[PDB]
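> Here is my input; please provide its structure:
(6 chains, ligands or ions: 4)
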Amino acid sequence: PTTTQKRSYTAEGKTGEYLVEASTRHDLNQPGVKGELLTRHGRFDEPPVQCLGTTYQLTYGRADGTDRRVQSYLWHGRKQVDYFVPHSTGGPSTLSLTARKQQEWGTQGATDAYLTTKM
Amino acid sequence: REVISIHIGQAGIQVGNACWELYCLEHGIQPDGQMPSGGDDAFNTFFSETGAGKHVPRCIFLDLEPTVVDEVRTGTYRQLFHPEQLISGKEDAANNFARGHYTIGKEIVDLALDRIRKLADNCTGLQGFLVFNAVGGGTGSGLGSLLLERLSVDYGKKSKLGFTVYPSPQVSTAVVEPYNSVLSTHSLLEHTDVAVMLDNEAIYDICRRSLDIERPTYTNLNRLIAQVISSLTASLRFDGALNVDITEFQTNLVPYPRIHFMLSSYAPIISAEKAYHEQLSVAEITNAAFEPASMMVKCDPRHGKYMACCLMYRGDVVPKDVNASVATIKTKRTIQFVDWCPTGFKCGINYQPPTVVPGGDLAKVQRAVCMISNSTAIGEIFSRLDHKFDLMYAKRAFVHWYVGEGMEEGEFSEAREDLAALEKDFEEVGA
Amino acid sequence: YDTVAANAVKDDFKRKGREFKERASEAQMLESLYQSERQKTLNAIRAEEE
Amino acid sequence: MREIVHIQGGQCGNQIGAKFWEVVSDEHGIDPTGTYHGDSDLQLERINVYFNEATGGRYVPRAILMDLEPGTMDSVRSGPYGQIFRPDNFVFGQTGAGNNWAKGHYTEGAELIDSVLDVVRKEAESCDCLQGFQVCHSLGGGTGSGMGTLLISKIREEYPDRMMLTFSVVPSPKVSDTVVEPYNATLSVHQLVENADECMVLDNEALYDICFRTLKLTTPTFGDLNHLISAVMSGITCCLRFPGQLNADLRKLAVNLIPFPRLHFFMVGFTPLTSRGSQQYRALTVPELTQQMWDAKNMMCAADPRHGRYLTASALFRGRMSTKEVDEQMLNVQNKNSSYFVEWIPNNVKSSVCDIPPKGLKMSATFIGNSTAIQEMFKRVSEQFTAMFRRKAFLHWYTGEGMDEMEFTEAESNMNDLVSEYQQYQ
Amino acid sequence: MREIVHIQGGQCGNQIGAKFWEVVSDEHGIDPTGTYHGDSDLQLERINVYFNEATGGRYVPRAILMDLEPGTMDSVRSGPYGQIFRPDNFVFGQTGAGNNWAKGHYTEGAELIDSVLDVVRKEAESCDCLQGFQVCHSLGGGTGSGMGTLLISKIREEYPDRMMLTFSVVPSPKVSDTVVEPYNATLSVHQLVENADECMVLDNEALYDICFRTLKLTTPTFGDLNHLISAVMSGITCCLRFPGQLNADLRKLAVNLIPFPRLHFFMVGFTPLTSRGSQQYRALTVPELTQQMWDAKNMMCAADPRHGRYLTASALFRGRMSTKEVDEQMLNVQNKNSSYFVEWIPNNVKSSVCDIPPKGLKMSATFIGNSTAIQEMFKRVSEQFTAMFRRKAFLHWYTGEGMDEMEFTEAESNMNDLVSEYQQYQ
Amino acid sequence: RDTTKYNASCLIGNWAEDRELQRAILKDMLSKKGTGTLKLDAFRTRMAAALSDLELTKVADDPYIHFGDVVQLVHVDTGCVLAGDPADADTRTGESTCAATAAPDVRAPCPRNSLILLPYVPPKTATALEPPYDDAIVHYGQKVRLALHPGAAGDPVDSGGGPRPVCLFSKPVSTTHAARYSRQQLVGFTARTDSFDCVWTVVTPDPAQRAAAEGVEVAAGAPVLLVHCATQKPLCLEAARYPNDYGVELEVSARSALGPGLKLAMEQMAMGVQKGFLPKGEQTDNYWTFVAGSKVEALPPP
Ligand SMILES: Nc1nc2c(ncn2[C@@H]2O[C@H](COP(=O)(O)OP(=O)(O)OP(=O)(O)O)[C@@H](O)[C@H]2O)c(=O)[nH]1
Ligand SMILES: Nc1nc2c(ncn2[C@@H]2O[C@H](COP(=O)(O)OP(=O)(O)O)[C@@H](O)[C@H]2O)c(=O)[nH]1
Ligand SMILES: Nc1nc2c(ncn2[C@@H]2O[C@H](COP(=O)(O)OP(=O)(O)O)[C@@H](O)[C@H]2O)c(=O)[nH]1
Ligand SMILES: [Mg+2]
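Numbers count the residues shown, from 1 in each chain, chains lettered A, B, ... in the order given. Ligands and ions are numbered 1, 2, ... in the order given. Right below this line is the structure:
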């Protein structure tokens, strides 16, 4: 006959692999879906529709090549015009600022230590 | 953030014997003191790390009989506990509050205190103390209250979460437990901050009904008590959606400085095959946490009115369904709440589901609820105990023992009238 | 301040762990799709051999 | 140029801020490492409002995150877009208040507020022309509500001329987390009526039934709610960040919406929000946006606006649209439901249009209404506060730290007087 | 051309000097084998200030290490950078002083000073046009302070027209190593005020404070503090070694910071000092350097200057910088906090710019402030000296050696009236 | 009230809605998979390039290691060859520095593990008398630099080591440049190969032997010390855990692992005794052995 405490607390159930099986850490991830996917409107096979054009640059600068009309660039209910509303105006006329600041970041990254200012 | 635990008496240290098994399982620590094979702080609140791959618990076992303590020293967890932390007197208190409070306490408590001081010194972000004792005995009652007094005069502002094993109305394993329970309560009142009661009849009925085990020992009781303790410290241990610390029970559950006595409940208590049976959702367990057939203290809250409730949730639970369930609870009328407190719930959520001990009777559940509530059914309980106290005291039975240890009738009388004042206070606030 | 530094190390450990867990979680969904289609073709084969 | 300094307080504030800086970083095209990788230069010209050039394209946010428990700081540095916050901006205590407004306003603040004031100072003079401050926090907690309102008071007595937006969640009875929600909420709103410039009232009950009815989710966890609030905060600030046909900054919105100095508690909406099973059903046009905007089930507060009147309102439109359709839609929604608007102010609706819709959408709109149905929410809180204080319940945890009872009496008088004046102007 | 001779005394002096020569040899690219291997020819032109060509480009430093226990010298020659010092320069006694100023100034100086004076006089006359001497030593130990002060006495007796720096660490009560700290410190200070040209007071208390708060370091051993002190010493002599837009050598700094011949106890700070986790999240702008430079918790002494007035101040900048932003930032910090500056001197801030940054950095700074907050420290030491001398503790190890009691009275009186004249000029 | 939940497959409740939400979620993963921009497949190609079957070569039959062959570097005490990932280089504005650690788990000859010896030629300004060797073999006390095989991209070349080579360097302990987890000189693979910092020296461990063995051909299996030639400080195993992607490695830094046994340097210097002229011996963690290649194959010149 053995003592009650030793009849209950033993080493068979522990320390082999069950510790690994019981240290799951299920509390860590608990993944949510995402933030954007709840609010996105549009088909999901395509990238999100980012509009990076403003009415001034679109009309007064005539960013789009073909200057049709002021109200053509606005969003209407009708597909008759919604097909031809432009989303993004790509060109150096926009990218001049990133060109400048990327030149600046490049000259920040690549520097010579031993260049006195006078010389 | 760290918390240390002290176990007093013969019940406290067996409860701890279950509790630390559960903790080593939950943090993946071998019974000989180290993990098999990083950079995880989740264990830090319960186990300190020493030397090379060695984790020693932040608890102090202490008892006056060396039997159970060196039984632990010879048990499975020899390398785990610190040789100094287990503390063992030479002879018991023997169901005698005065003997455990004046004779042997005066020489054991100083060692215990200059030991717990070094524990707190090695600790860094101490949340507070939590004590495990039973007031029906001599050691845990007398030296329990003595160490509580001295802890309060040393630190005071740090919370002292006290899990106390009160005696049952009809099931009794002693004779002078009325005297001892009264004398312990008389100091528990103004030294404990959040005192949680754990009976034995209620847990026996739980193991009979839910776990359908028919001939239970103390091991099963202590195992599910450890389940409850771990479920209420899971918020400190792990990162959930809405965590609640040790001070939250002090804030949200103690409306008046002498009303801190909490009924506790746990759900779902389910065995292996019934796990396969039942579809575990949140509404049925939030309901199950409120029937008297699932409270850890045998009393009827239908006769009482609630003051506050706190609900720790563990596992795959989101706030949506718990919100819906507590709304259904509030709109039900079978249970009731004090008119003056109009918002009597406090939720807390932690992501990790409770673990299962090999050889245990509980099954792997997806989610669990630990409810800690306040009511006046406890004011009923104290009167039920008061009656049987005065019955014995009228004839001065068993008093010669205490007065031979050194006390007098003054303590008996003042504790009796203090319990009476407490009765009046509960009957006043249940307005 | 010393404890702040001690946490500053574990933060990097956590970052690497989380990256790894995410990169495994994606392959989990990949394998779920694979197993769905595999069971489909399995039942298709079982049907025609009878 | 015009600068917004963002402040996050408490657990709710930290998590909302995390999703907020995720969305803003998306809109400016900065990758989670901290470098610019967008396409156009409409994004580059207005990043100084929310970020700072460190060096070599390293744009770090101008945010101050404060709390008292490391649990939030770990969750912040865990997820992506958690590596871009400046380590010096993690001002962070160690004890933890935990649902005690007095610990959040007298004890822990007394040693933490100086350090966060040092960081907030250094952050405010690092930029030149403040537009103001924008702080997201809670009202039920301790380390968010008490600590935040103390910081609000401190910064409002130092910088009296800058704007101030406070995105504060409010407790609801049906969705009630803690027990001392009233004891904290009333004292916090009592501080906000004298320090904040305008408050945007949020709550979890309205966010939940929005995710039930409109968004039609199964488990609307906190990640989705925080993103809805994130979409709102980005929508309210879009006017500074992008050029548009009719710009309207924060102070321009404040003067168009605040008729009286104590009437500055708004209710907020966001459009469009539709279920993913019904995305293709709806066109993208102003009438469809407006019908969803003025609905009572799209407000982000637990106040039926048809139970009162609108004093003023505002609609911030994003996207290439026609202003006639904008103005005629406002005129129709004001003339049809003319009983719901006050009579002694004509043209109760302010409008604005910017040219950049948020990423993934074609056209969006944000509603900000100063209605008088907000007194129903404050009565709902004050009636619970009068219940507990009469019995002096739960009170000793507060009084045992520096607070007295008359402070609670002042909170009662202010709330009763505020709902009195809203009821007056109805 | 203009030459600097280095002199190190004591354990603190030997370990500071070891790290100092490691940094300077790094700046001029010379390896611990003794050979030049750098790339830019800007580094060859000004090594004669510190080295001497021996054979095949062997450049040995112009330094003299002195102490009384071989323990420090073994640590010097043990590791790297131990093979560059000439063995003749290891002038070395064998008995030991042991925290006894009397031993270090009368009984052990008597037989060590002949040898060091031979070595220093030979190493000084070897180069043509001395700029001055440099001394690094401690004020707690005996062979550092005792031998240091005796050597200063004999040197200023011989070569009076050359400059002389003294980097001295003063013992703090919060970081207090020894017990006879006051008895050494006060006797050394009484000697320094009469013979040293100018002194720059370091302290380990402020250095530990910096490695905790700003650098955010895990285990700050003495190697780190030695690296900080070395960064100071390289910064103070940068302008001799590299061409700049506005040069300022030691004599130029001394004349612009010492208004009265006894007010030569400067306080030092260094900039920039940021943790490596916070290095990417910052820019490098002159305000970014000035904010940290004039900060109170950045001084390398245990005296908050906000308790006093800046008599004069000096700023030494390194890197390709814009002089306009340098001058206007000095002007703004002078005009905003107009209470911390004295009245009877306008333009209290001498400034200088060098064009070569310290290795690994883009742009740095070095602060030298002559304040009247230093009399906090002298009082903090003098009160302990009075507390001991009232009851003659530890006195006999001094009195029974040749030293008398009147030396203690004059030391305390000169300590007292120095503090009184600093207090008078505030 | 409350009713039971069901799987997505069965149609009940808002089955349409959860099914559609899932449809969109999965469509996103598919589109990204087509593009190739997922986190998963982002570094799979990097793993293919960084861990590939590599065979070490020797330029000649002789056992001594020769300049320009592909070699390994391994710690004698515990194996754990040294290797630096090209990715996860520190991010700053002017810094191309890339961290290098010691991998215990990966010891098989791989592209990233392999070092390639490059001869160092002193510039004209440098004032250093150098023993002249004509043969291509490497000896003791001879300046040498070590680059690593191109694990990022490109093809190896005899001395260029790819179009842009990254060589072993270490800078003294400043506020900027310090090992991440301990306070010693960091050791990385910078792209500025022409700087003097990248040069290294191979010295026999015993202090007494080295003077006599000043110039002799170095064998493969012999244990030797790698000392930074600009700081004269050996290479050491830091014994601190390092969490990079490939595995949990050990930090590598440059310290002089000296046993704290004092030597009476000053007394012996004054006496002039022979024993005086010696640096204190280094500890067992400084020892490194080159692992040479059995087969013979010269790499193509630039
Ligand atoms: N639930 C539970 N109760 C226990 C356990 N062990 C003891 N008890 C209770 O403890 C009460 C008596 O106190 P004990 O702990 O046995 O003895 P003591 O507190 O040390 O006092 P002394 O016997 O005088 O030393 C009994 O009524 C039991 O119900 C246990 O393991 N589980
Ligand atoms: N909307 C939203 N609310 C939250 C989130 N996290 C917590 N909360 C709310 O915060 C309130 C409690 O705030 P609390 O954590 O106590 O604030 P603190 O303790 O002072 O930081 C609860 O009512 C929650 O509903 C979140 O991610 N989103
Ligand atoms: N900063 C710094 N202080 C030191 C160092 N070594 C010693 N000290 C300080 O110097 C004081 C004692 O100097 P001491 O060794 O007695 O000088 P010595 O005996 O004359 O050589 C103590 O307060 C130490 O803190 C060092 O390497 N760096
Ligand atoms: Mg007992």
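> Please name the residues that touch the spatially closest residue to residue B:374 that is not a sequence neighbour.
Leaving aside its sequence neighbours, residue B:374 sits nearest to residue B:307 (Cβ to Cβ, 6 or more residues apart in numbering or on different chains; 4.0 Å). Every C-beta, even on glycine, is put in place using the N, C-alpha and C of the backbone. Contacts for residue B:307 were tallied using Cβ atoms under 8 Å, 6 or more residues apart in numbering or on different chains; they are B:253, B:255, B:259, B:337-338, B:341, B:344, B:374-376, B:429.
> how about the most centrally placed residue in chain D, secondary structure?
Centroid-nearest residue in chain D, with Cα atoms, centre = their mean: residue D:167, separated by 2.1 Å. The local conformation at residue D:167, judged by DSSP: H, G, I helix; E, B strand; the rest coil, is strand.
> roughly how far apart are it and residue D:27?
Per Cβ to Cβ, to the nearest Å, residue D:167 is found 18 Å from residue D:27.
> for residue D:103, same thing?
Taken as Cβ to Cβ, the span from residue D:103 to residue D:27 is 38 Å.
> So which of those two has more stuff around it?
residue D:103 (25 against 19; other Cβ atoms under 10 Å in any protein chain shown).
> Identify the residues contacting the closest residue to the more buried one other than its chain neighbours.
In space, and not counting its chain neighbours, residue D:103 is closest to residue D:97: 4.2 Å by Cβ to Cβ, 6+ apart. Neighbour list for residue D:97: D:68, D:103-104, D:108, D:141-143, D:146-147 [criterion: Cβ under 8 Å, 6+ apart].
> Just give the closest residue to residue F:92, not the sequence neighbours.
Nearest to residue F:92 is residue E:280, by Cβ to Cβ, 6+ apart, at 5.7 Å.
> Helix, strand, or coil at residue D:217?
Classified using three-state DSSP, residue D:217 is coil.
> so what's residue B:227 up against?
B:22, B:266, B:354, B:362.
> can you tell me the helix or strand for the residue nearest to residue D:103?
Applying DSSP states H and E as the criterion places residue D:97 outside every helix and strand.
> Can stretch F:100-115 be said to contact chain C?
No - if you take Cβ under 8 Å from any Cβ of the partner chain as the test, stretch F:100-115 misses chain C, and the best it gets is 13.3 Å.
> Grab the most central residue of chain A for me.
Short answer for chain A (Cα atoms, centre = their mean): residue A:36, at 9.2 Å.
> Buried residues in the helix or strand hosting residue D:255, which are they?
Using DSSP H and E, residue D:255 sits within helix D:250-257. For helix D:250-257, a neighbour-count test (16 or more other Cβ atoms under 10 Å in any protein chain shown) marks D:250, D:253-254, D:256-257 as buried.
> now the very next helix or strand once past that helix: how far from the chain's centre is it?
Counting by DSSP H and E, the next helix or strand C-terminal to helix D:250-257 is strand D:265-271. For strand D:265-271, the distance from its own C-alpha centre to the chain's C-alpha centre is 9 Å (Cα atoms, centre = their mean, to the nearest Å).
> For residue 18, give me its contacts.
Using chain A. residue B:358.
> I was thinking of chain D, sorry if that wasn't clear
D:75-76, D:79, D:81-82, D:226.
> cool, and residue D:407?
Contacts of residue D:407 by Cβ under 8 Å, 6+ apart are residue D:187.
> Any chance of the backbone angles for it?
When quoted as degrees, to the nearest 10, the phi and psi of residue D:407 stand at phi -60, psi -40.
> now residue F:144
phi -150, psi 140.
> Neighbours of it, how many?
By other Cβ under 10 Å, neighbour count at residue F:144 equals 21.
> Give the bridge partners for it, please.
Going by DSSP bridges, residue F:144 is paired in beta bridges with residue F:119, residue F:200.
> Chain D versus that one, what's the distance?
For residue F:144, the distance to chain D (Cβ to the nearest Cβ, to the nearest Å) stands at 33 Å.
> how far away is that residue from residue F:75?
19 Å.
> on that earlier part again, work out for me the element the residue lying closest to the residue nearest to the centre of chain A once chain neighbours are set aside sits within.
In space, and not counting its chain neighbours, residue A:36 is closest to residue D:360: 5.3 Å by Cβ to Cβ, 6+ apart. Using DSSP H and E, residue D:360 maps to neither a helix nor a strand.
> Residue D:360: neighbour count?
19.
> okay but it is in contact with residue A:49, surely?
Yes - with contact defined as Cβ atoms under 8 Å, residue D:360 reaches residue A:49; the gap is 6.8 Å.
> just to revisit the earlier point, phi first, then psi, for the residue nearest to residue D:103.
phi -80, psi -60.
> how much space is there between it and chain E?
When residue D:97 is compared with chain E (using Cβ to the nearest Cβ), they lie 25 Å apart.
> What of residue B:103?
The value you get for residue B:103 to chain E, if Cβ to the nearest Cβ is used, is 47 Å.
> cool, and residue D:94?
For residue D:94, the distance to chain E - Cβ to the nearest Cβ - is 16 Å.
> my guess is that residue contacts residue B:125, does it?
Yes - the pair residue D:94 and residue B:125 passes the contact test of Cβ under 8 Å, sitting 6.7 Å apart.
> And the helices in the chain?
Here I'm looking at chain A. Taking DSSP state H as the criterion, chain A carries its helices at A:4-8, A:18-22, A:36-39, A:55, A:79-82, A:92-109.
> if you could check chain C rather than the one you did, that'd help
Using DSSP H, helices in chain C cover C:2-49.
> Can you pull the residues of it lying near ligand 3?
Proximity of chain C to ligand 3, by Cβ under 6 Å from any ligand atom, involves no residues.
> So which residue is smack in the middle of chain C?
residue C:25 (2.3 Å).
> residues near the nearest residue to that one once chain neighbours are set aside, how many?
Spatially, and ignoring its direct neighbours in sequence, residue C:25 is nearest to residue A:31 (6.6 Å; Cβ to Cβ, 6+ apart). Counted with other Cβ under 10 Å, residues neighbouring residue A:31 total 10.
> From what I see, residue F:176 and residue E:276 are in contact.
Yes - using Cβ under 8 Å, residue F:176 is in contact with residue E:276, at 7.1 Å.
> about what we covered before: check the contacts of residue D:97 and tell me the two furthest apart.
D:108 and D:141 (12.4 Å; Cβ to Cβ).
> Among the buried residues of helix D:250-257, which one sits closest to residue E:182?
Nearest member of the buried residues of helix D:250-257 to residue E:182, counting by Cβ to Cβ, is residue D:250, at 60.7 Å.
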